[PDB]
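Below sits a lone chain in structure tokens, taken as the form deposited in one PDB entry.
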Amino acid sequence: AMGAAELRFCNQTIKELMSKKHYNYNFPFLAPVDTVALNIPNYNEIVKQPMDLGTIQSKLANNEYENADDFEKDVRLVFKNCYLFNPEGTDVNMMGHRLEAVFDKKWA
């Protein structure tokens, strides 16, 4: 697993993305996609791997990431999956870009 200092930073980062400070645009990403509610039955077979912020937090807590780059890859996957299913200009697409910008600022 990643070193202690990077683990702390990644924990802070995922908590930031999930924070109530961003409640108006992180809600689509906190938990697994509701494929029934969204009428996207083949979602899991289309995306490379499904992912959500809560699962990233749980994977981090179980020491699943070898380094912080691997943590970043899962964050990017959340947003890649967003844009694959939500066209540019739509509400959820824009929320994804806004939350990804929060990540980019923290990660820079």
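Counting begins at 1, following the sequence as shown. We call the rigid core the largest set of C-alpha positions that still match within 1.5 Å between the two forms.
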query	finding
Mean Cα B-factor comparison, 70 to 78 or 40 to 48, giving the higher one as deposited	40 to 48
Lowest, middle or highest third - CA B-factor, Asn63	highest
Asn93 - which third its CA temperature factor falls in, relative to the rest of the chain	lowest
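Not pictured, yet referred to below: the form solved in complex with a small molecule.
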property: Contact test in the bound PDB entry: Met94 vs the small molecule, heavy atoms, 4.5 Å; result: no
property: Interface membership of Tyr25, the small molecule in the bound PDB entry, 4.5 Å heavy atom rule; result: no
property: Close approach of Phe85 to the small molecule in the bound PDB entry, 4.5 Å, heavy atom; result: yes
property: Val33 within 4.5 Å of the small molecule in the bound PDB entry, heavy atoms; result: yes
property: Shift of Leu38 between the shown form and the other one at or above 2 Å (CA, core fit); result: yes
